[PDB]
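**Student:**
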Amino acid sequence: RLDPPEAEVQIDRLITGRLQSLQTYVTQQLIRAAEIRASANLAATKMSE
Amino acid sequence: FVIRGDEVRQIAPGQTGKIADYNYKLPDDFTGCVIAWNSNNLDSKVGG
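Just so you know, the protein sequences line up as chains S and X, in that order.
Add 982 to a position in the first sequence, counting from 1, and you land on the number used in full-length UniProt numbering.
Add 399 to a position in the second sequence, counting from 1, and you land on the number used in full-length UniProt numbering.
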């Protein structure tokens, strides 16, 4: 629907939005992984003891 | 080159128009300058 010279702006907007979404998802995953790793360490300690 | 006085605008990068489409197109990322000056007195003939 657009000539590339002006469509680049829309493509950049979409890229920024999707990249921000990916970064947010990865940060949430990192925090959740830290929590689950703490739980797993507790579970291993409980198993051993 | 020589162009119609109304076509000077078409010389800007990333622009349409007959001249910029089929005669001479600047790259979208063109880096440089454009000079255009009236040459009516030196290029206009009574007979055309």
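From the three backbone atoms N, C-alpha and C, an ideal C-beta is built for every residue, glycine too.
Interface residues of chain S around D420 (chain X) at Cβ under 8 Å?
**Tutor:** Simply none; closest approach about 11 Å.
**Student:** List, in chain order, every chain S residue whose beta-carbon is nearer than 9 Å to that of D427 (chain X).
**Tutor:** Simply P986, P987 and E990.
**Student:** Please classify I418 (chain X) as buried or exposed, where buried requires at least 16 neighbouring CB atoms within 10 angstroms.
**Tutor:** Buried is the call here.
**Student:** Quick one: what's got a C-beta closer than 8 Å to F429 (chain X)'s C-beta in the same chain, skipping five residues either side?
**Tutor:** Correct list, in chain order: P412.
**Student:** Compute the Euclidean distance between the alpha carbons of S1003 (chain S) and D994 (chain S), then round it to the nearest angstrom.
**Tutor:** Rounded to whole angstroms, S1003 (chain S) to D994 (chain S) spans 14 Å at the Cα level.
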